[PDB]
Structure formats: structure tokens, C-alpha cells
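Notes follow the structure.
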Amino acid sequence: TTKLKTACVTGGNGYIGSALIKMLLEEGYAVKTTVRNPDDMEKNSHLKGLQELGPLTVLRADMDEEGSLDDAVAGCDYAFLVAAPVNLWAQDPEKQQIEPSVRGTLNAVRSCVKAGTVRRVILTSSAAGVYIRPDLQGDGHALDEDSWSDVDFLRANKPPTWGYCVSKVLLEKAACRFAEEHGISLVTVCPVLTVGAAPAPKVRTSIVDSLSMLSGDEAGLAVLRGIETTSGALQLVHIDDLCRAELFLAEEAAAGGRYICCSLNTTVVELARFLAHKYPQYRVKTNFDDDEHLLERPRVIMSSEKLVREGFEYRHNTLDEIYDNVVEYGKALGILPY
Ligand SMILES: NC(=O)c1ccc[n+]([C@@H]2O[C@H](COP(=O)([O-])OP(=O)(O)OC[C@H]3O[C@@H](n4cnc5c(N)ncnc54)[C@H](OP(=O)(O)O)[C@@H]3O)[C@@H](O)[C@H]2O)c1
């Protein structure tokens with residue numbers, strides 16, 4: 001295995017990071033991953049099991065420190081920059097979310113350039129960097145990769161989680177400029193809300209949100225309603241499709257630039273009705289007192305046509321397929337009581 005191609009994944013305890021590591025190993029890569037405390041078995045108890053699937057090395061790094069990633073990405077052919085600050089409700093988002101995001105990403109791409117061996121960097125951003133579009137009124141809109149969240153609007157109005165949206169715009173733009181300056185291929189993936197089982201033992205993130213209609217977690221339900229209100233739809237993708245898309249964009253020489261990753265555009269009401277029918281053993285609310293905001297169908301959709309025309313195909317295309325295994329994960333995590 002000395003001549004295996006080697007992938008770096010930052011944040012191996014994270015939801016997406018853990019799933020990506022598993023896929024990379026299953027597909028025959030050697031992997032190096034960073035976590036902030038490899039001795040923390042509450043967060044990292046899954047890494048020993050993943051080491052049974054293929055060659056996996058675990059390194060200690062905090063991406064906020066310059067040069068922290070140097071050792072882990074040395075010798076790697078691909079770098080998957082998944083880890084990032086995810087402080088949605090920071091009291092001081094400029095200093096606690098936006099600047100750490102930009103600085104953490106430039107730190108990481110700098111390490112990738114320094115390694116000299118990295119053929120491509122795959123940056124995981126978010127749809128939150130795409131869909132804040134207050135200029136679009138009425139329905140019938142489709143967003144593509146040239147849609148950028150309106151940073152001036154976000155900073156002027158500071159709606160909840162605005163700092164997260166802004167951080168994605170700024171880190172993406174900085175990463176792109178830096179990578180062009182240094183002649184390193186960087187492809188950015190902007191996934192929508194991601195659903196499904198992963199190896200990580202202690203995650204919340206989109207599992208809390210995508211299960212909130214079954215759990216009754218009002219914070220998660222507010223995240224779903226917020227996505228719909230601010231973006232014009234409730235968009236979903238299965239973790240397996242996201243991970244396949246990341247490997248595809250790493251491997252496909254002709255791929256370049258930014259890619260939305262999104263399987264389905266739905267709504268709060270459609271999702272609740274679907275879950276109430278599929279999982280009636282949970283108490284799912286489906287009768288909504290208007291809440292005006294609640295759409296009857298998407299007013300703005302996220303288009304994944306760029307990725308699909310590159311040659312990629314989603315495998316989880318219906319709500320049943322997108323929710324094929326997340327409930328068992330939620331139970332295993334204790335997000336769901338039974
Ligand atoms: N889940 C979704 O629906 C979704 C959708 C679109 C985009 N994303 C993005 O995908 C990325 C992964 O998020 P996730 O959903 O998998 O959430 P998560 O489970 O909360 O994972 C976040 C990861 O980032 C790490 N991290 C944060 N700050 C770090 C730092 N300074 N140094 C090193 N690691 C740091 C975390 O490590 P610690 O535990 O040590 O903090 C953890 O590994 C995020 O950038 C998110 O914006 C997620």
C-alpha cells in the first residue's frame with residue numbers, strides 16, 4: 001500500500017468528515033485525518049474501527065493555527081477541507097465565525113501548497129453561501145453557482161445565523177484567490193442540508209435539524225423554517241451522495257470551480273407530511289397555523305445541474321431515499337428516544 005493515493009480529511013470526528021473518511025477508505029485510498037484531540041474518545045471512538053477498513057493515520061491539529069495542517073497534508077494527493085467553524089449564533093460573528101473561517105481556510109490551503117504533492121483541494125463550503133438572495137421576488141427562481149449570498153444585506157440586517165452565511169462567502173472568495181495565486185487546483189462544494197448515517201459517534205449538526213420534526217427539538221425546527229424563509233425552499237441531500245460527489249470532483253480532471261450539491265428542493269410542510277406518514281410512531285406536527293412564511297411549494301430552487309452535467313448522478317432522489325437511514329443514526333446518537 002506504499003504507492004496508494006492518499007487523501008487528507010480535516011475534522012475526522014465531524015459528521016461529514018467521518019462519512020468521507022469511510023468512503024475514501026472503502027474506495028481504496030489511504031487517508032490522513034486531523035482532529036483537535038485524538039485522545040478524546042467521546043468524539044473519536046470511531047477512528048479505530050475506521051482503521052480496519054484501510055490505512056488511516058490520525059493527527060492532532062487546530063486549523064486556526066498557521067501551519068497546523070502541514071504534517072497531515074504532507075504527501076497527500078487530495079485535500080478535503082471539511083472542518084470549519086460552525087458557530088451559528090455567535091455573539092460577535094466577525095471575530096468568532098467570519099475571521100476564523102477565512103483564516104482557517106487560508107491556513108489550510110497554504111499547507112496544501114507547501115506539501116507540493118496535492119493535485120487538488122476540495123473545499124466544503126455550504127449552500128448558505130449561495131442562497132441569501134433578497135433581490136429575488138416572487139417564485140420561479142433557480143439558483144446556480146453564480147449566486148452568492150448577499151453579504152451587505154446580511155451585515156445590515158443581521159438575521160439569525162447571518163455570520164455563518166457571510167463566513168462562507170468570504171472564505172470561498174479568499175480560498176479561490178489564494179489558490180489561483182499559487183496555481184493549485186481548488187474545487188468548492190456547496191452542499192445543502194445533509195441527511196443520513198455516518199460513523200461519527202457524537203454529532204448534532206444537520207442530524208438534529210433533519211430529525212427535528214420527529215424529536216420535537218424546537219431549535220432544529222427553527223433551523224428548518226429559517227432555511228425556507230431565507231432561501232425559498234428546504235433543500236436536502238443524502239450524506240452518501242455528498243461524499244460520492246466530493247470524490248467525483250476530486251477525481252474528475254475536467255471539473256473546476258464551484259458546485260452546488262443538492263438532490264431535492266422541498267418545503268417545511270411537504271417534509272412534515274412525509275415524515276408524519278412514514279414515521280407515525282413519533283408525534284409529527286403537520287397542521288400549521290399559516291405561519292404565513294410556510295410555502296406551499298418552493299419559491300426558489302437550488303440547481304445542481306452543473307454537477308450533474310459534469311457526469312455525476314444522485315442515488316437518493318426521493319424523500320424516502322434521502323431518509324433511508326438517518327432515523328437509526330438519530331437513535332444511536334440519542335437525538336431520538338426510541
Ligand atoms: N451538515 C450539513 O447539512 C452541512 C451542509 C452544508 C455544509 N456543511 C459544512 O460541512 C462542514 C462539516 O460540518 P458538519 O455538518 O460535519 O458539522 P460537525 O459535525 O459539527 O463537524 C464540524 C467539524 O469541524 C471541526 N472544526 C471546527 N473548528 C475547527 C478548528 N478550528 N480546527 C479543527 N477543526 C475544527 C470540528 O472539530 P471539533 O469537534 O474539535 O470542533 C468537526 O470536526 C462544515 O464546514 C459545514 O459548514 C454542513
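Residues are named by chain letter and number: chains run A, B, ... in the order of the C-alpha cells, numbers start at 1 in each chain, and ligands are numbered from 1 in the order shown.
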Would you write out, as CSV, a table of all residues in chain A that have an atom no more than 8 Å from an atom of ligand 1, listing for each the closest atom pair and the distance in Å to one decimal, considering only C-alpha atoms and all ligand atoms and ordering rows by chain and rising residue number?
```
residue,atom,partner,partner_atom_place_in_ligand_line,distance
A:10,CA,ligand 1,34 (N),6.7
A:11,CA,ligand 1,43 (O),3.4
A:12,CA,ligand 1,43 (O),5.5
A:13,CA,ligand 1,43 (O),4.7
A:14,CA,ligand 1,21 (O),3.5
A:15,CA,ligand 1,16 (O),3.6
A:16,CA,ligand 1,16 (O),3.9
A:17,CA,ligand 1,16 (O),5.8
A:18,CA,ligand 1,16 (O),7.8
A:34,CA,ligand 1,33 (C),7.3
A:35,CA,ligand 1,40 (O),6.2
A:36,CA,ligand 1,40 (O),4.8
A:37,CA,ligand 1,40 (O),7.0
A:43,CA,ligand 1,39 (O),7.1
A:61,CA,ligand 1,33 (C),6.2
A:62,CA,ligand 1,32 (N),3.7
A:63,CA,ligand 1,32 (N),3.9
A:64,CA,ligand 1,31 (N),4.7
A:65,CA,ligand 1,31 (N),7.9
A:82,CA,ligand 1,11 (C),4.8
A:83,CA,ligand 1,24 (O),3.4
A:84,CA,ligand 1,45 (O),4.4
A:85,CA,ligand 1,28 (N),4.2
A:86,CA,ligand 1,47 (O),5.9
A:100,CA,ligand 1,31 (N),7.4
A:104,CA,ligand 1,31 (N),6.7
A:124,CA,ligand 1,10 (O),5.8
A:125,CA,ligand 1,7 (C),5.5
A:126,CA,ligand 1,7 (C),3.9
A:127,CA,ligand 1,6 (C),6.0
A:128,CA,ligand 1,6 (C),7.4
A:168,CA,ligand 1,47 (O),7.8
A:190,CA,ligand 1,6 (C),6.3
A:191,CA,ligand 1,6 (C),4.4
A:192,CA,ligand 1,5 (C),4.9
A:193,CA,ligand 1,3 (O),3.5
A:194,CA,ligand 1,3 (O),3.7
A:195,CA,ligand 1,3 (O),6.8
A:200,CA,ligand 1,19 (O),7.9
A:202,CA,ligand 1,19 (O),7.8
A:203,CA,ligand 1,19 (O),4.9
A:204,CA,ligand 1,19 (O),6.2
A:205,CA,ligand 1,15 (O),5.0
A:206,CA,ligand 1,1 (N),4.4
A:207,CA,ligand 1,1 (N),7.3
```
Problem set entry | Residue neighbourhood residue A:130, 7 Å, only C-alpha atoms, exclusion window fewer than 3 positions, as a PyMOL selection string | chain A and resi 127+147-149
Go ahead and write the residues just picked, N, CA, C and O atoms, as a short mmCIF file (atom, residue, chain, number, x, y, z; two decimals), in the first residue's frame.
```
data_model
loop_
_atom_site.label_atom_id
_atom_site.label_comp_id
_atom_site.auth_asym_id
_atom_site.auth_seq_id
_atom_site.Cartn_x
_atom_site.Cartn_y
_atom_site.Cartn_z
N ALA A 127 -24.40 25.69 1.01
CA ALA A 127 -25.47 26.45 0.36
C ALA A 127 -25.74 27.79 1.03
O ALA A 127 -26.26 28.70 0.37
N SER A 147 -24.78 32.42 -8.05
CA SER A 147 -25.50 33.08 -6.98
C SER A 147 -24.63 33.11 -5.73
O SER A 147 -24.15 32.07 -5.27
N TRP A 148 -24.45 34.31 -5.16
CA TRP A 148 -23.72 34.50 -3.92
C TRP A 148 -24.62 35.13 -2.88
O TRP A 148 -25.37 36.08 -3.17
N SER A 149 -24.53 34.64 -1.64
CA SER A 149 -25.34 35.23 -0.58
C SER A 149 -24.98 36.71 -0.41
O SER A 149 -23.81 37.10 -0.52
#
```
Seminar exercise, completed: From the list A:114, A:279, A:302, A:8, the nearest residue to residue A:328 using only C-alpha atoms is A:279
For this session: Excluding residue A:312 and any residue of its chain fewer than 2 positions from it, enumerate the residues within 12 Å of it, using only C-alpha atoms, and give them as a ChimeraX atom specification.
Result: /A:241-249,251-252,255,259-263,304-310,314-315
Exercise. Can you list, as a PyMOL selection string, every protein, DNA or RNA residue that comes within 7 Å of residue A:185 when you count only C-alpha atoms, leaving out same-chain residues fewer than 3 positions away?
Worked result: chain A and resi 119-121+179
For residue A:57, please output as a PDB file with N, CA, C and O atoms, in the first residue's frame all residues within 9 Å (counting only C-alpha atoms; exclusion window: fewer than 4 positions along the same chain).
```
ATOM      1  N   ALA A  30      -5.552   5.548   0.764  1.00  0.00           N
ATOM      2  CA  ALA A  30      -5.023   5.796   2.088  1.00  0.00           C
ATOM      3  C   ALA A  30      -5.525   7.158   2.554  1.00  0.00           C
ATOM      4  O   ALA A  30      -5.728   8.058   1.742  1.00  0.00           O
ATOM      5  N   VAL A  31      -5.738   7.310   3.857  1.00  0.00           N
ATOM      6  CA  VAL A  31      -6.283   8.564   4.390  1.00  0.00           C
ATOM      7  C   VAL A  31      -5.444   9.066   5.557  1.00  0.00           C
ATOM      8  O   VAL A  31      -5.012   8.291   6.416  1.00  0.00           O
ATOM      9  N   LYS A  32      -5.247  10.384   5.617  1.00  0.00           N
ATOM     10  CA  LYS A  32      -4.742  11.033   6.814  1.00  0.00           C
ATOM     11  C   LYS A  32      -5.821  12.004   7.286  1.00  0.00           C
ATOM     12  O   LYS A  32      -6.357  12.752   6.472  1.00  0.00           O
ATOM     13  N   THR A  33      -6.160  11.977   8.580  1.00  0.00           N
ATOM     14  CA  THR A  33      -7.194  12.895   9.079  1.00  0.00           C
ATOM     15  C   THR A  33      -6.669  13.671  10.278  1.00  0.00           C
ATOM     16  O   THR A  33      -5.827  13.187  11.041  1.00  0.00           O
ATOM     17  N   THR A  34      -7.141  14.910  10.425  1.00  0.00           N
ATOM     18  CA  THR A  34      -6.838  15.694  11.618  1.00  0.00           C
ATOM     19  C   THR A  34      -8.052  15.784  12.517  1.00  0.00           C
ATOM     20  O   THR A  34      -9.187  15.929  12.034  1.00  0.00           O
ATOM     21  N   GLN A  51      -9.939   2.468  11.010  1.00  0.00           N
ATOM     22  CA  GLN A  51      -8.606   1.975  10.652  1.00  0.00           C
ATOM     23  C   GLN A  51      -8.629   0.517  10.212  1.00  0.00           C
ATOM     24  O   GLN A  51      -7.649   0.052   9.609  1.00  0.00           O
ATOM     25  N   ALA A  72      -0.135  16.803   8.326  1.00  0.00           N
ATOM     26  CA  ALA A  72      -1.175  15.873   7.886  1.00  0.00           C
ATOM     27  C   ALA A  72      -1.305  15.846   6.369  1.00  0.00           C
ATOM     28  O   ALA A  72      -1.573  14.791   5.778  1.00  0.00           O
TER      29      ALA A  72
END
```
For this session: Would you mind writing down, as a ChimeraX atom specification, each residue of stretch 114-322 of chain A that DSSP on the backbone assigns to alpha helix (DSSP H)?
Result: /A:114-115,151-157,162-182,205-210,212-215,218-231,239-251,268-278,305-309,319-322
Problem set entry | Surrounding residues of stretch 216-225 of chain A excluding itself and chain neighbours under 6 positions, 7 Å, only C-alpha atoms, as number ranges by chain | A: 208-209, 234, 268
Go ahead and save the picked residues with N, CA, C and O atoms, as a compact mmCIF listing (two decimals), in the first residue's frame.
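The result, stored in out_28.txt:
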```txt
# COMPACT_ATOMS: atom_id res chain seq x y z
N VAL A 208 -29.60 16.71 14.03
CA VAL A 208 -30.59 17.38 14.87
C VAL A 208 -31.63 18.08 14.01
O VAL A 208 -32.83 17.95 14.24
N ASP A 209 -31.19 18.83 12.99
CA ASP A 209 -32.14 19.63 12.23
C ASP A 209 -33.07 18.75 11.40
O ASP A 209 -34.28 18.97 11.37
N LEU A 234 -36.71 24.26 1.17
CA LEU A 234 -35.97 23.43 2.12
C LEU A 234 -35.27 22.37 1.28
O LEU A 234 -35.92 21.47 0.75
N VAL A 268 -41.02 22.95 4.19
CA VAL A 268 -41.28 22.51 5.56
C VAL A 268 -42.54 21.66 5.60
O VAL A 268 -42.55 20.56 6.19
```
For this session: Report the distance between atom CA of residue A:332 and atom CA of residue A:40 in Å, rounded to one decimal place.
Result: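 About the pair atom CA of residue A:332 and atom CA of residue A:40: they are 18.9 Å apart.
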Exercise. Nearest to residue A:151: which of A:133, A:285, A:3, A:103 is it, counting only C-alpha atoms?
Worked result: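 Looking only at the distances to residue A:151, the closest residue turns out to be A:133.
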For this session: Give me every strand (DSSP E or B) residue in stretch 57-186 of chain A, going by DSSP on the backbone, as a VMD selection string.
Result: chain A and resid 57 to 60 78 to 81 120 to 124 141 to 143 185 to 186
